[PDB]
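Count the sequence shown with PDB author numbering and you get residues 4 to 125, 127 to 261, in order. Heads up, the beta-carbon is just placed ideally off N, CA and C, and yes, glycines get one too. Here is the structure we will look at.
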Amino acid sequence: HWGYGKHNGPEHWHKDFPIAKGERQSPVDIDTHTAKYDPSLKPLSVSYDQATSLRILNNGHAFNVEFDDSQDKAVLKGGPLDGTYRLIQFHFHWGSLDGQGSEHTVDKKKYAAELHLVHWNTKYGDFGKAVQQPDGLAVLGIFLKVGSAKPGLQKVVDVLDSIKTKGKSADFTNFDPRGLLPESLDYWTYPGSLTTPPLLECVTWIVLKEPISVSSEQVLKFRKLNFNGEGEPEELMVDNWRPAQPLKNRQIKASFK
Ligand SMILES: [Co+2]
């Protein structure tokens, strides 16, 4: 299958997923000297008070913290978006070294990791229908740098041992995703894609300007996860990021001067 390894990584994905070479692929480099302030944008509305997390799953590529998306419980609105987008899951991308791991870059800077909070547009009824639409998803992306610990990430770090290998899951109720956000909601936005196969061009990206800090210990525990299943040779789950793709005929807009 596709992955991040030596012979199935991002540079191969186009063979099975030709849209990998499409017009609106993600991630991209965010050039802060060409992104333009857009006064038509509004503030983001992140409404996560009623979020219902359910489960955490190692899917062999990353791990997903999954939410109940059968009601408007944890929603994203505003910003560049029209309508209401429901949180379905979050996951991360991270490196083997603190100098790489993010998917988006900022003036070519790579962060240690990147958090993706994935939301789907309720007008399309379910996730699977939403990914078939150009405005089906909204992904809130948040950079991680290594520095101080992020207290609100620790409950995630402490369950990772229970989902070491591909296909393992664990109960993960009562997790508050608000504890993963930086102070500021200033953002960049542009139209793009999922960053894993099937690479569908269905995403309004909203990338926060302010990174969150995590500790070296927290990142190290991410790097103990495994791509492989139980009883297979160990392959550490690191460097599960796609590199920046060509911007093509797109503009990145900023919510801030
Ligand atoms: Co992602």
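- If you look at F226, you'll find it in the alpha helix (DSSP H) that goes 220-226.
- Taking all protein chains shown into account, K170 has 16 or more neighbouring C-beta atoms within 10 Å of its C-beta and is therefore buried.
- Within the region 47-80, no alpha helix (DSSP H) run of at least 4 residues lies entirely inside it.
- About 6 Å separates the Cβ atoms of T35 and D110, confirming a contact at the 8 Å cut-off.
- Residue pairing by DSSP places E238 opposite no residue, since no beta bridge is assigned to it.
- By the CB criterion at 8 Å, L79 and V135 fall outside the cutoff.
- Where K149 is concerned, there is no enclosing alpha helix (DSSP H), although the beta strand (DSSP E) around it starts and stops at 141-150.
- The region 78-125 contains, as complete beta strand (DSSP E) runs of 3+ residues, the segments 78-81, 88-97, 116-124 (chain order).
- For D101, the CB contacts under 6 Å within the same chain, skipping 5 residues up- and downstream, are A115, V150 in chain order.
- Per DSSP, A174 is one residue of the beta strand (DSSP E) stretching across 173-175.
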